[PDB]
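Okay, so here's the structure we're looking at.
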Amino acid sequence: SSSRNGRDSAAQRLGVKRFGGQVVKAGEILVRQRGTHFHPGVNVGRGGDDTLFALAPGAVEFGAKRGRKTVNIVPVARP
Amino acid sequence: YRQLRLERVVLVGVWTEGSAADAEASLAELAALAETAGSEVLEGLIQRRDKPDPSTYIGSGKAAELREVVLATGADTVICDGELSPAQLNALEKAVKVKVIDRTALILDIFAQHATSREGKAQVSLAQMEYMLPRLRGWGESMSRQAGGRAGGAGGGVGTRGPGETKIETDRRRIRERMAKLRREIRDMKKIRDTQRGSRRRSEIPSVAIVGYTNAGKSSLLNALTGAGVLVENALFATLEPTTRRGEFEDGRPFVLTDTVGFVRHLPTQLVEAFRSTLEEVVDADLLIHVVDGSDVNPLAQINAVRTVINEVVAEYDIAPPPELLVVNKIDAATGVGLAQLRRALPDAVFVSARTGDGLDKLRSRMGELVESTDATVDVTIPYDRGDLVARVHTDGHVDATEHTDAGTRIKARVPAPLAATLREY
RNA sequence: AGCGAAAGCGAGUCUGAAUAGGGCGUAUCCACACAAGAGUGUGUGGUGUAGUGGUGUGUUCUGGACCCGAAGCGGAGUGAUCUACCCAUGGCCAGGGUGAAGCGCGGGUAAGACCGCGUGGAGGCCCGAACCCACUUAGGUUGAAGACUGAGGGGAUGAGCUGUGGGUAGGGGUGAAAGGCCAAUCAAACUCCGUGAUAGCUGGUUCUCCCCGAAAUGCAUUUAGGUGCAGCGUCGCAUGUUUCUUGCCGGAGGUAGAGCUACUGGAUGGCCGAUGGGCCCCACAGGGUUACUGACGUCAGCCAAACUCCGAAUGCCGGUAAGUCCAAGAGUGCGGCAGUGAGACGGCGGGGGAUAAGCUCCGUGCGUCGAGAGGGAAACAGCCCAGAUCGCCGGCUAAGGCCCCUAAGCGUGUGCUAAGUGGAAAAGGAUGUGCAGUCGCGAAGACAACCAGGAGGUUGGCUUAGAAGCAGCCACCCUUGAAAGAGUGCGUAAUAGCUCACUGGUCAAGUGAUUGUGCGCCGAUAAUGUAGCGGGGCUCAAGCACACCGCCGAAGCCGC
RNA sequence: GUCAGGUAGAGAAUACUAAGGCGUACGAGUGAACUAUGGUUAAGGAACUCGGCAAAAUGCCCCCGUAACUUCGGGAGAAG
RNA sequence: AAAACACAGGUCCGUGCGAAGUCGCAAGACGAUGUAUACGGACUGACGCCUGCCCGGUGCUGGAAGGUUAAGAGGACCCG
RNA sequence: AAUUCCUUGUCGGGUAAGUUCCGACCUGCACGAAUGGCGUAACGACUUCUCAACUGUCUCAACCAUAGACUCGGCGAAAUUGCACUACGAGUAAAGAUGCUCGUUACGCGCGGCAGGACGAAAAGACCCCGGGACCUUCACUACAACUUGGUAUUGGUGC
RNA sequence: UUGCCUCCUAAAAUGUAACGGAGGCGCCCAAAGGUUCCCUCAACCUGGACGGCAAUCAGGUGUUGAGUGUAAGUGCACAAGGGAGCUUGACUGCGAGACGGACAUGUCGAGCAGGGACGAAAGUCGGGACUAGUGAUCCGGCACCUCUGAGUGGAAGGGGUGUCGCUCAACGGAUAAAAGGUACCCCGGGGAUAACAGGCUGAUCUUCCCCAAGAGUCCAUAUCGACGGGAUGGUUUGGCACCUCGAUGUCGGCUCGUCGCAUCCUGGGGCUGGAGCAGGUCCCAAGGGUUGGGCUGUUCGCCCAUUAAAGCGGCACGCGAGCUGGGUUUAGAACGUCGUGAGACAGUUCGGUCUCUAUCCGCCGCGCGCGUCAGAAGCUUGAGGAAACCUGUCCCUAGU
RNA sequence: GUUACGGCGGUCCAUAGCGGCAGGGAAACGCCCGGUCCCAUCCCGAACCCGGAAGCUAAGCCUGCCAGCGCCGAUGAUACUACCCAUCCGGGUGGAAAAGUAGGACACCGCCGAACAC
Ligand SMILES: Nc1nc2c(ncn2[C@@H]2O[C@H](COP(=O)(O)OP(=O)(O)CP(=O)(O)O)[C@@H](O)[C@H]2O)c(=O)[nH]1
């Protein structure tokens with residue numbers, strides 16, 4: 001005599017963490033996603049739950065490949 | 001009025017009395033009625049109990065048998081060929097665990113959908129409502145767990161508890177009150193019928209009417225015997241309001257022919273109460289036309305059932321019952337080789353077919369014969385300065401206009417009291 | 001002097017195979033080399049380290065712990081002088097009836113059985129005062145009285161009533177059993193003590209000014225009116241513009257919108273039309289005809305919170321240049337002290353509901369009230385204007401206003417309204433009145449008018465009482481082209497009168513249909529009294545629209 | 001708890017009185033409504049009302065006369 | 001104030017005698033100076049005609065062949 | 001039916017008219033034999049119906065007398081109480097206004113009466129919810145009294 | 001219903017509630033894990049012995065519509081999809097830097113060393129394409145250890161590392177261990193929260209309408225009006241919980257009224273399928289009037305007699321500081337049914353205390369005072385208000 | 001320098017792709033002719049791998065035309081939208097789509113150049 005709904009999960013705080021042009025450290029998490037909505041580019045690896053992370057200091061720079069997004073890092077070149 | 005879904009029905013019924021064939025005949029109407037409401041009929045079990053059970057209509061184990069069949073065919077309903085009390089139809093619900101809604105409820109509901117005129121709708125709600133008054137505690141959800149009470153009764157002082165009455169009383173009062181408004185409303189509609197029939201009342205006219213059970217024709221005989229095309233659907237209760245048309249034979253006096261609603265066996269004694277239109281007619285007529293189908297297993301049955309309702313009418317109104325003609329139809333197209341039996345002992349078993357096959361010739365010529373006496377007869381000598389003597393002399397309803405001369409006209413015809421009247425100068 | 005669970009070691013130490021990472025320590029700072037720019041390390045020199053004990057103040061622990069207030073729990077006692085029952089010994093019951101056993105005598109019977117007449121005086125017997133109750137009614141109901149009174153009422157030789165003296169005591173007594181009674185108290189009496197019981201609950205908490213100034217949110221909870229932590233406030237210390245606003249630059253998205261031949265569903269008409277049903281030749285070999293159905297295909301028109309080939313505006317993250325800068329009284333870290341954790345309404349975007357509520361639940365660098373005075377909305381926390389340091393018998397204004405109430409305009413120019421519209425309302429009905437175009441006739445005097453025009457085979461059929469121009473109706477190729485159609489409508493059963501598409505002398509502008517374009521009319525409709533302008537009153541606008549000109553108006557702004 | 005006068009009367013009821021004791025502690029007025037307690041009522045006689053609540057009615061002695069039913073006592077002061 | 005309690009009359013169960021039952025920690029007392037035709041408890045409730053079927057559940061009573069199981073007796077084997 | 005929801009079941013009596021009453025039927029929502037079944041003379045301040053007699057119960061009220069009420073003299077309280085020279089209508093407000101808005105009405109002060117309002121007085125709502133008590137029940141938990149079972153001490157001897 | 005995972009609501013970052021809308025999870029796999037290498041579906045056309053239409057084999061067409069252990073989403077044809085050969089990294093000592101964040105938890109990590117697997121070596125490997133498949137602390141069990149050992153030597157006990165024990169599923173887990181009744185009730189609070197009345201709304205209710213398919217002897221509109229649509233009123237059942245729980249007394253009846261008109265009679269009309277007598281509709285109209293009984297607690301309802309008629313509603317469902325107390329709603333008792341039982345029924349039946357001296361406004365009557373430009377007296381005008389307002393039968397006109 | 005092979009260019013990976021018609025073989029790329037050897041098929045020297053060098057541009061690959069199918073796509077309007085104004089409607093200042101239209105487009109550049117000169 002009631003609703004057969006009413007249960008949800010928790011909101012996993014996904015999405016992009018570092019946006020483009022932002023100076024980053026070695027090992028910071030750039031994107032926490034589920035699939036590969038962003039594929040890893042240069043100096044960017046992929047974790048076990050498909051999160052991307054930095055492999056070198058620099059500045060995160062979004063890009064493209066053959067029909068798929070990438071998240072790159074360009075080095076910051078100390079003056 | 002309630003409208004949901006079914007189409008899955010298992011019919012049940014106690015054979016307290018009647019022949020075997022007679023017994024399954026009832027269950028059969030129930031099939032036709034069930035389908036006339038539009039729902040597929042699966043199985044159908046009948047028992048032989050000399051008298052129903054005060055708790056479950058059929059029995060205890062038979063209820064158990066029905067419980068499994070409802071799980072088998074998944075039928076969402078069960079209809080009982082009888083009138084059952086609120087209690088019996090509530091116990092049998094926890095047994096089979098599905099609809100246990102009786103016959104009177106099928107008929108009362110068919111009348112809700114099939115009926116159009118506003119008047120017809122009102123009479124329905126009365127019926128449905130009078131059928132639901134005696135079922136309030138049973139539908140006791142409003143009282144289901146209405147145990148919220150225990151109101152203190154220190155009394156002789158503040159209680160501020162307003163109910164100065166039990167909830168059952170207060171609630172019963174409402175349904176009974178609405179029923180009373182409708183009651184006065186329906187009795188008023190009487191004046192509308194009477195006023196729509198003032199012309200016919202005056203100018204006395206003949207008035208044949210067509211009684212007879214449902215599915216016997218009636219509205220086929222009218223659509224053919226005169227003219228006009230009224231609903232002639234092959235289902236049940238297809239005419240929920242009376243119609244009247246003109247027509248005549250040699251005596252053109254209207255032989256106004258009315259068509260009525262159908263008298264099924266064992267009326268639900270509810271919606272019929274307000275179906276007075278059909279009966280107001282039976283009373284005020286000059287003949288009746290009991291139509292019975294030859295394509296019926298036993299035609300004689302409906303003859304008596306129908307005749308009974310006509311019996312009660314003549315009784316209340318203290319009337320010399322009108323002449324009645326019983327015309328058998330469905331013959332010719334007679335899906336009946338049991339035809340000869342009726343013919344052995346049946347009055348006016350005309351092979352009316354109403355469909356193709358006609359058969360209406362003998363009836364028409366034998367129709368005006370039973371109608372009440374005419375009252376116009378006259379032979380006269382009319383001067384040549386007529387131009388007026390034609391009053392209605394030729395131009396009248398039955399004015400004969402059947403004799404002539406050279407001198408004006410030695411007319412020899414028939415004339416009503418208010419028409420040619422006494423004016424005629426022999 | 002620290003690290004370690006510890007043995008122990010000691011500016012180190014623990015874990016580890018590690019001379020290798022880390023963890024916790026070596027007060028902090030400055031200088032110099034070597035490394036490393038994976039975010040700074042490592043050694044060498046200097047400087048060199050702050051605790052403790054009185055005591056003022058703010059929180060806090062254990063104590064009654066800011067104050068007041070339960071129903072009830074335990075220990076030891078007091079009560080049977082009221083009431084419940086019982087024990088011992090006394091007292092009382094006017095008057096009048098009825099007539100049991102027993103006995104005697106007659107009748108009666110084998111006898112018994114019983115039946116009359118005397119005698120007798122029985123009974124939880126009858127009528128009825130004292131006495132004991134308390135059934136009905138009325139009065140009292142700050143009473144004469146903390147349970148009575150006046151009338152009636154029940155028992156009254158009994159399971160009766162009553163006096164004196166005794167006995168049973170609290171988780172116990174006593175109970176012809178009502179949770180009744182046990183000193184006007186009873187689902188466990190009263191008094192004193194533990195005791196200042198304990199209450200997430202209610203109430204109360206007392207002199208002043210100055211500065212700052214909230215919240216009704218998130219998570220968890222034997223939790224939902226409580227509390228813990230975070231958020232927001234204040235005070236102190238440290239850093240210094242890191243905060244905020246605007247412009248430019250670099251990014252991720254999938255809402256609004258749109259689209260569907262780009263997926264998944266729904267879905268309106270056609271067209272080809274296999275594949276199947278009827279009929280089919282009834283061979284099941286087989287001719288196809290198909291009001292059926294026709295998967296896919298195909299043409300055109302569509303829809304979607306859980307459809308997306310696309311896809312904004314804003315918002316968000318970062319960078320960069322400025323602004324504000326004798327102030328936002330900005331941000332951030334650490335401490336002392338909190339309160340708050342029931343929000344309300346209005347705007348915009350949504351769920352639940354009937355796309356009801358002054359309904360309910362969310363979002364919103366949204367607002368006001370809460371915690372906000374002043375002016376306008378007639379009055380009127382949540383709407384509009386505006387944020388009160390004090391004084392003034394100074395000036396300018398905001399929202400709103402300027403006929404009188406009531407400060408300032410019965411203001412100026414051009415138009416509209418006849419409804420008191422203004423000063424409530426719908427589907428819909430409708431010959432109101434201004435505007436603007438359009439269409440034939442179109443100052444030819446068209447149109448209106450007085451008017452000759454009356455049964456063309458006109459009683460046609462369809463049929464015949466006649467179908468009496470004319471019950472009804474399915475057509476007006478029709479003309480001296482005049483202005484009547486095989487004469488329709490009112491009528492007229494039949495007559496009989498006149499027009500409906502219609503017109504000739506007299507001759508002076510009219511016929512529709514649009515934009516709905518302004519403003520208006522009806523629909524319209526409760527119950528104390530006009531009562532749907534705040535009042536009087538207003539069309540001689542004091543109403544409406546568009547321009548224009550002043551002024552009144554607050555604790556706003558200026559002056560002193 | 002004890003005494004218990006006289007007339008009526010079955011009575012210790014009730015009415016009036018003897019012996020004896022009291023006038024018992026706010027009064028004087030005054031035809032208001034209204035309330036309480038008594039009294040009377042035309043014609044009708046439960047029509048009132050939840051309900052004959054209340055009121056009215058019956059009432060004593062002496063002769064007659066007494067039903068269904070019965071557990072044989074009664075009912076019974078039946079009723080009249 | 002009653003239709004409720006009691007009641008005379010029923011049946012069942014317990015009790016062989018400082019009985020059963022009750023008050024009391026115990027002695028003791030009531031039962032009763034009573035003795036199963038007596039006493040206590042339960043239900044029914046004058047009187048008349050009657051009181052039907054069921055012993056699976058749960059109780060009560062009466063039984064034993066096995067299973068199960070406490071303390072007390074037992075002390076192999078192991079360990080310090 | 002002190003038991004029947006449907007229900008004012010149906011039929012018969014009683015009344016001019018009978019949701020109550022009496023007698024039957026039986027379909028017993030959900031009677032039933034010592035939580036006794038069905039009857040029954042007598043009995044009841046018990047409950048429910050009908051009738052005769054009677055009446056101010058009523059149609060429909062009227063009059064009389066006492067005790068109050070009312071006037072005069074003496075004595076002389078009470079509950080209640082933020083204020084006070086405490087109108088009405090249509091509105092507006094915590095949504096039901098003597099006290100706010102706009103009107104309308106109204107000279108000041110008393111005495112006898114009536115009870116519409118002051119959400120009138122009295123009693124920190126007996127109903128409802130939350131929190132805490134209390135007493136009661138049981139196949140709720142955990143204990144204890146009481147009853148019962150065995151070992152062992154008081155407790156010993158000869159037999160087999 | 002209570003914890004975890006996925007989608008939408010969720011307003012293009014993250015987050016976001018409701019007893020909003022849909023589903024899953026308390027596993028499985030010793031290969032369905034690690035690694036090296038290879039491959040590309042589904043469907044459609046043309047072909048067979050079945051084999052349907054669709055089982056294996058041919059040739060084409062086919063870029064993703066198939067398949068991924070399991071819900072959904074995000075992905076994946078470069079494949080994470082299909083196949084094969086070895087194997088155990090489903091490791092030990094660690095972990096720069098971060099995400100998320102009340103806290104407790106949770107999550108991702110390049111890289112260094114030891115010992116391996118697979119590869120030619122580049123390198124990959126700390127379980128599975130990802131996100132669920134779980135439980136804090138306390139108290140104990142077990143294996144190993146270069147810790148401690150109550151005078152000393154041992155030992156018992158304790159300690160470290162690895163790990164095992166809970167539908168503590170009310171899933172941040174009050175106790176190792178716990179159900180009901182109260183109408184016999186009591187106390188502390190609450191209009192934070194219900195019953196009565198009021199307020200907002202108007203689904204249901206009620207009263208009107210708009211269009212006109214039909215009905216009405218023929219005939220949409222004399223009289224009705226279906227399917228659909230638009231509203232008024234605030235008298236019903238409701239929805240919300242805004243005042244009142246340091247009290248706003250609750251049905252029916254009695255007594256007393258006052259108001260609205262949506263008119264029952266009486267009074268005017270229009271239309272009639274209005275011959276007359278009687279009617280049926282619609283408009284105008286609120287001055288007066290609108291009965292007595294039987295049954296029921298009853299309002300309502302049916303019935304008996306009448307009448308010109310026996311109106312509908314508002315006023316705390318008007319009216320208890322004006323009355324009753326039949327009913328509902330305390331404590332007693334009984335029946336039927338439910339519960340093992342205390343007790344329950346929103347079933348029935350018998351019985352069950354109705355308090356108050358009127359202060360203020362209001363209303364009905366009655367005085368005293370002053371005023372009305374000197375003090376008195378007789379008789380009056382009427383601004384303004386109040387009261388009343390009903391109706392029948394018979395006769396003549398006329399049996400016209 | 002002409003230049004008809006590689007590998008990634010690497011391109012916000014179809015303006016680059018499919019589909020037609022006509023052409024080419026210097027070296028290179030290829031089909032090809034056989035498996036004795038290294039190594040291979042769940043069966044097959046088909047493929048993988050090996051040894052070759054008789055023909056021949058059928059095909060892959062490359063070149064030139066085609067706007068046929070797909071693919072990019074403006075300007076201007078329109079939807080929508082932030083802020084502001086407005087007593088009920090609706091406007092102003094900025095930003096601006098989707099679909100369509102005009103059109104674009106049979107790719108363009110790097111490298112030891114790889115080959116081929118002089
Ligand atoms: N086979 C057949 N059927 C006939 C004949 N005559 C009449 N019928 C049937 O009778 C029916 C018509 O009569 P109907 O209109 O049903 O009578 P009705 O009583 O008005 C139906 P309702 O119950 O609604 O009033 C038709 O369905 C037709 O099948 C006949 O001659 N032959």
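In the structure tokens, the first chain shown is A, the next is B, and so on; residue numbers restart at 1 for each chain, and ligands run from 1 in the order shown.
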
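The shell of residues at most 12 Å from residue G:144, with only C-alpha atoms (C1' of nucleotides) counted and near chain neighbours (fewer than 5 positions) removed, consists of residues 160, 161, 162 and 163 of chain G.
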
Subject >> Near-ligand residues for ligand 1, threshold 8 Å, only C-alpha atoms (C1' of nucleotides) and all ligand atoms, as a PyMOL selection string >> reply: chain B and resi 212-221+230-240+259-262+295+329-335+351-358

With C-alpha atoms kept, could you save the residues just selected as a compact mmCIF listing (two decimals), in the first residue's frame?
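What landed in result_12.txt:
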```txt
# COMPACT_ATOMS: atom_id res chain seq x y z
CA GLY B 212 -41.06 -8.80 -24.38
CA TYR B 213 -37.76 -9.91 -22.88
CA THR B 214 -34.37 -8.74 -23.99
CA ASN B 215 -32.86 -9.93 -27.27
CA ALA B 216 -36.25 -10.90 -28.58
CA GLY B 217 -36.35 -8.16 -31.18
CA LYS B 218 -38.84 -5.42 -30.39
CA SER B 219 -36.64 -2.74 -31.89
CA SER B 220 -36.36 -4.76 -35.01
CA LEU B 221 -40.05 -5.15 -35.32
CA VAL B 230 -33.08 2.69 -33.76
CA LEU B 231 -30.22 0.87 -32.07
CA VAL B 232 -30.64 -2.77 -33.02
CA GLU B 233 -27.42 -4.12 -31.50
CA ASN B 234 -27.13 -7.82 -30.87
CA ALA B 235 -26.22 -7.60 -27.22
CA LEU B 236 -28.21 -7.20 -24.05
CA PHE B 237 -30.25 -4.23 -22.94
CA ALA B 238 -29.80 -2.12 -26.07
CA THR B 239 -32.69 0.16 -25.47
CA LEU B 240 -32.54 2.11 -22.26
CA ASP B 259 -40.61 0.22 -28.10
CA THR B 260 -39.47 -0.48 -24.61
CA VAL B 261 -36.70 -1.76 -22.43
CA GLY B 262 -36.29 -5.48 -21.88
CA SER B 295 -34.10 -19.50 -31.74
CA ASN B 329 -39.84 -13.70 -34.12
CA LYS B 330 -36.45 -15.04 -35.05
CA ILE B 331 -38.54 -17.63 -36.91
CA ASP B 332 -37.94 -18.13 -40.60
CA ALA B 333 -34.42 -17.20 -39.85
CA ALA B 334 -35.60 -19.55 -37.17
CA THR B 335 -32.48 -21.07 -35.91
CA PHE B 351 -42.53 -16.33 -38.65
CA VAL B 352 -41.63 -12.78 -38.12
CA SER B 353 -38.04 -12.64 -39.07
CA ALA B 354 -37.75 -8.90 -38.98
CA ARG B 355 -34.45 -9.49 -40.67
CA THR B 356 -34.77 -10.88 -44.11
CA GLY B 357 -37.76 -13.14 -44.40
CA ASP B 358 -40.30 -10.54 -43.43
```

With a distance threshold of 8 Å and counting only C-alpha atoms (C1' of nucleotides), extract the residues of chain C near chain A and express them as a PDB file with N, CA and C atoms (P, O5', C5', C4', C3', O3' and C1' of nucleotides), in the first residue's frame.
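What landed in iface.pdb:
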```
ATOM      1  P     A C  38      61.365  19.793 -11.243  1.00  0.00           P
ATOM      2  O5'   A C  38      61.309  18.897  -9.931  1.00  0.00           O
ATOM      3  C5'   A C  38      60.760  19.431  -8.735  1.00  0.00           C
ATOM      4  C4'   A C  38      60.619  18.405  -7.637  1.00  0.00           C
ATOM      5  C3'   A C  38      61.889  17.655  -7.229  1.00  0.00           C
ATOM      6  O3'   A C  38      61.855  17.445  -5.820  1.00  0.00           O
ATOM      7  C1'   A C  38      60.199  16.124  -7.701  1.00  0.00           C
ATOM      8  P     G C  39      62.630  18.417  -4.810  1.00  0.00           P
ATOM      9  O5'   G C  39      61.800  19.770  -4.851  1.00  0.00           O
ATOM     10  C5'   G C  39      61.172  20.285  -3.683  1.00  0.00           C
ATOM     11  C4'   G C  39      60.341  21.498  -4.011  1.00  0.00           C
ATOM     12  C3'   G C  39      59.303  21.889  -2.970  1.00  0.00           C
ATOM     13  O3'   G C  39      59.068  23.291  -3.039  1.00  0.00           O
ATOM     14  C1'   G C  39      58.221  21.202  -4.954  1.00  0.00           C
ATOM     15  P     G C 250      41.727  32.087 -25.343  1.00  0.00           P
ATOM     16  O5'   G C 250      42.138  31.001 -24.262  1.00  0.00           O
ATOM     17  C5'   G C 250      43.437  30.433 -24.257  1.00  0.00           C
ATOM     18  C4'   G C 250      43.566  29.369 -23.201  1.00  0.00           C
ATOM     19  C3'   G C 250      42.489  28.304 -23.203  1.00  0.00           C
ATOM     20  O3'   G C 250      42.724  27.307 -24.175  1.00  0.00           O
ATOM     21  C1'   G C 250      42.879  29.039 -20.997  1.00  0.00           C
ATOM     22  P     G C 251      41.531  26.355 -24.651  1.00  0.00           P
ATOM     23  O5'   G C 251      41.453  25.255 -23.511  1.00  0.00           O
ATOM     24  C5'   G C 251      40.246  24.566 -23.262  1.00  0.00           C
ATOM     25  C4'   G C 251      40.172  24.062 -21.849  1.00  0.00           C
ATOM     26  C3'   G C 251      38.876  23.377 -21.490  1.00  0.00           C
ATOM     27  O3'   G C 251      38.856  22.037 -21.923  1.00  0.00           O
ATOM     28  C1'   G C 251      39.465  24.897 -19.788  1.00  0.00           C
ATOM     29  P     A C 252      37.780  21.568 -23.004  1.00  0.00           P
ATOM     30  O5'   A C 252      36.818  20.639 -22.155  1.00  0.00           O
ATOM     31  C5'   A C 252      37.359  19.604 -21.355  1.00  0.00           C
ATOM     32  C4'   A C 252      36.471  19.304 -20.183  1.00  0.00           C
ATOM     33  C3'   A C 252      34.992  19.252 -20.491  1.00  0.00           C
ATOM     34  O3'   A C 252      34.588  18.005 -21.024  1.00  0.00           O
ATOM     35  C1'   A C 252      35.360  20.558 -18.562  1.00  0.00           C
ATOM     36  P     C C 317      34.985  28.587  -8.257  1.00  0.00           P
ATOM     37  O5'   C C 317      36.092  27.777  -9.058  1.00  0.00           O
ATOM     38  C5'   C C 317      36.455  26.458  -8.685  1.00  0.00           C
ATOM     39  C4'   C C 317      37.548  25.925  -9.572  1.00  0.00           C
ATOM     40  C3'   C C 317      38.773  26.801  -9.709  1.00  0.00           C
ATOM     41  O3'   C C 317      39.652  26.775  -8.606  1.00  0.00           O
ATOM     42  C1'   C C 317      38.125  26.074 -11.836  1.00  0.00           C
ATOM     43  P     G C 318      40.403  28.127  -8.183  1.00  0.00           P
ATOM     44  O5'   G C 318      41.360  28.445  -9.410  1.00  0.00           O
ATOM     45  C5'   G C 318      42.667  27.908  -9.442  1.00  0.00           C
ATOM     46  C4'   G C 318      43.305  28.014 -10.803  1.00  0.00           C
ATOM     47  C3'   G C 318      44.006  29.311 -11.133  1.00  0.00           C
ATOM     48  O3'   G C 318      45.254  29.460 -10.489  1.00  0.00           O
ATOM     49  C1'   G C 318      42.758  28.611 -12.986  1.00  0.00           C
ATOM     50  P     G C 319      45.716  30.909  -9.997  1.00  0.00           P
ATOM     51  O5'   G C 319      46.192  31.623 -11.333  1.00  0.00           O
ATOM     52  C5'   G C 319      47.224  31.064 -12.127  1.00  0.00           C
ATOM     53  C4'   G C 319      47.324  31.735 -13.472  1.00  0.00           C
ATOM     54  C3'   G C 319      47.564  33.228 -13.459  1.00  0.00           C
ATOM     55  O3'   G C 319      48.916  33.556 -13.229  1.00  0.00           O
ATOM     56  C1'   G C 319      45.912  32.700 -15.057  1.00  0.00           C
TER      57        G C 319
END
```

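Using only C-alpha atoms (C1' of nucleotides), the contacts of stretch 9-14 of chain E at a cut-off of 12 Å, with sequence neighbours closer than 5 positions omitted, comprise residues 19, 20, 21, 36, 39, 40, 41, 42, 43, 44, 45, 46, 47, 51, 60 and 61 of chain E; 34 and 36 of chain F.
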
**OP:** Write out as a list in words all residues of stretch 154-390 of chain B that backbone DSSP assigns to strand (DSSP E or B).
**Re:** residues 207, 208, 209, 210, 243, 244, 245, 256, 257, 258, 259, 287, 288, 291, 292, 293, 324, 327, 328, 329, 378, 379 and 382 of chain B

Subject >> Contacts of residue F:19 at 8 Å (only C-alpha atoms (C1' of nucleotides); same-chain gap of 6+ positions) as a ChimeraX atom specification >> reply: /F:8 /G:295-296

**OP:** Provide as a ChimeraX atom specification the residues of chain B at most 6 Å from chain F, counting only C-alpha atoms (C1' of nucleotides).
**Re:** /B:87,151-152

Tell me the residues of chain A close to chain H, meaning within 10 Å using only C-alpha atoms (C1' of nucleotides), as a PDB file with C-alpha atoms, in the first residue's frame.
```pdb
ATOM      1  CA  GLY A  63      43.565  17.985 -26.217  1.00  0.00           C
ATOM      2  CA  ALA A  64      42.375  15.521 -28.805  1.00  0.00           C
ATOM      3  CA  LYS A  65      43.388  12.411 -30.731  1.00  0.00           C
ATOM      4  CA  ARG A  66      41.690  10.385 -33.448  1.00  0.00           C
ATOM      5  CA  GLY A  67      38.134  10.968 -32.282  1.00  0.00           C
ATOM      6  CA  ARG A  68      38.809  10.874 -28.545  1.00  0.00           C
ATOM      7  CA  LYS A  69      39.680  13.331 -25.799  1.00  0.00           C
TER       8      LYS A  69
END
```

**OP:** Counting only C-alpha atoms (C1' of nucleotides), collect the residues of chain C whose closest atom lies at most 9 Å from chain B, and write them out as a ChimeraX atom specification.
**Re:** /C:465,493-495

Original post:
Within 9 Å of residue F:1, counting only C-alpha atoms (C1' of nucleotides), which residues qualify if same-chain residues fewer than 2 places away don't, as a ChimeraX atom specification?
Top reply: /F:3-4,31

Subject >> Close residues, residue C:377 itself excluded, 12 Å, only C-alpha atoms (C1' of nucleotides), min 5 positions apart in chain, as a ChimeraX atom specification >> reply: /C:383-385,399-400,534 /H:87

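Contact shell of stretch 55-58 of chain D at 10 Å (only C-alpha atoms (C1' of nucleotides); same-chain neighbours under 3 positions omitted): residues 52 of chain D; 53, 54, 55, 56 and 57 of chain F.
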
Original post:
Taking only C-alpha atoms (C1' of nucleotides) into account, which residues of chain G are within 7 Å of chain A, as a PyMOL selection string?
Top reply: chain G and resi 5+14+19+74-75+97-99+108-110+130-131
